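Take a look at the structure set out below.
With ideal geometry, Cβ positions are generated from the backbone for all residues, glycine too; neighbour counts draw on all protein chains shown. No lab work stands behind these numbers, since they all come straight from the coordinates.
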Amino acid sequence: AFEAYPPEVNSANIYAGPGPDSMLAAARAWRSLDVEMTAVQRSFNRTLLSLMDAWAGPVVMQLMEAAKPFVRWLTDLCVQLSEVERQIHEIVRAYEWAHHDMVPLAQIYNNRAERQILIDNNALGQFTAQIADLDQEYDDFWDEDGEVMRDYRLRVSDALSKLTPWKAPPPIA
Amino acid sequence: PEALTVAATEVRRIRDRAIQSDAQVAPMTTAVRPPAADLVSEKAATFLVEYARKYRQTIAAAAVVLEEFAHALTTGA
Ligand SMILES: [Mn+2]
């Protein structure tokens, strides 16, 4: 219920923070992290494969085979790393829409200013329709802000649901 | 068989590179701030921070595995 909060608060809250730059730096970081771990995976396969043959022996194979679970785990980690960046970008884009779609504070304040000015001069009932007009606009701002915030919650929640727990590696016997 | 000790050195280098890259991006991945003051922004930023931390732990366990494996090559030689 961001629809519990009034437009003054929902709009102010979305315009408060420092923006997405922190999230975008983290995104780039997860990406460089996926890259290094790709290169790591390949050099581990290298150490097991390319730099092995020269020396043969049943023990060489016993180890080379016991490492199979871990190389497979490494591949699965690499896939999972490549998704983080994507989900961060979805989070940020959703935030951008929330920020862009919220009713600007000035419009909410101008609405309360004008309604009060009509009230001030409505001893004769001349402005009762226009006050009703400003009241409906305000209620509309409340519903709109509430809806923006609901759609932001939904998008961020979906994004996060794609971020699966980091699974532990198996041992190399 | 010198080749097993060679491998052990390579596996240790691979460990060094994993923890190096991990530690290199930790200050960004663990420092995610909420974009705004609302609850959605904050929950998103919090989740990401915890996710980055559980990843750092996962890699430390992988470093342990790598080192144990390299040790199995050295003392197992
Ligand atoms: Mn909607």
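Of the residues B:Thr74, B:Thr29, the single one that is more than 7 Å from chain A (Cβ to nearest Cβ), of a type in the set (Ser, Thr, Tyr) and touching a residue at least 12 places away in the same chain (Cβ under 8 Å) is B:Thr74. State all residues of the range A:32-64 that are touching a residue at least 40 places away in the same chain (Cβ under 8 Å) and within 16 Å of A:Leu74 (Cα to Cα); if no residue qualifies, say none. Selection gives A:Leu33, A:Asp34, A:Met37, A:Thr38. The residues in the range A:16-35 that are within 7 Å of chain B (Cβ to nearest Cβ) and within 30 Å of A:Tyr109 (Cβ to Cβ) can be counted, and the count is 7. Among the candidates A:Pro171, A:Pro104, the residue that is away from the ligand (no atom under 16 Å from the Cβ), under 24 Å from A:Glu36 (Cα atoms) and either within 14 Å of another protein chain (Cβ to nearest Cβ) or surrounded by fewer than 18 Cβ atoms within 10 Å (Cβ to Cβ) (or both) is uniquely A:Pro171.
Suppose the filter is more than 16 Å from the ligand (Cβ to nearest atom), hydrophobic (A, V, I, L, M, F, W, C), within 14 Å of the chain's Cα centre (by Cα) and assigned to a helix (DSSP H, G or I); does A:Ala159 pass it? Spelling it out, A:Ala159 is indeed more than 16 Å from the ligand (Cβ to nearest atom), hydrophobic (A, V, I, L, M, F, W, C), within 14 Å of the chain's Cα centre (by Cα) and assigned to a helix (DSSP H, G or I). Here A:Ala54 meets the list (1) facing chain B (nearest Cβ under 10 Å); (2) within 27 Å of A:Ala159 (Cβ to Cβ) almost entirely, failing just condition (2). Quick check: anything in the range A:71-80 loosely packed, with under 14 Cβ neighbours inside 10 Å, in a helix (DSSP H, G or I) and of a type in the set (D, E, K, R)? Among the residues of the range A:71-80, at least one is loosely packed, with under 14 Cβ neighbours inside 10 Å, in a helix (DSSP H, G or I) and of a type in the set (D, E, K, R), which makes the answer yes.
Taking the conditions (1) in contact (Cβ under 8 Å) with a residue 12 or more places away in the chain; (2) away from the ligand (no atom under 16 Å from the Cβ); (3) not β-branched (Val, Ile, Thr) in turn, A:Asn122 satisfies each one other than (1).
Of the residues in the range A:139-148, none is within 15 Å of the ligand (Cβ to nearest atom), over 14 Å from the mean Cα position of the chain (by Cα) and in a loop (DSSP other than H, G, I, E, B).
All conditions but one from (1) crowded, with 18+ Cβ neighbours inside 10 Å; (2) more than 16 Å from the ligand (Cβ to nearest atom); (3) facing chain B (nearest Cβ under 10 Å) apply to A:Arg115; the one that does not is (3).
Scanning the range A:4-53 for residues that are among the acidic types (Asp, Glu), over 19 Å from B:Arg56 (Cβ atoms) and within 21 Å of the chain's Cα centre (by Cα) returns a single hit, A:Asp21.
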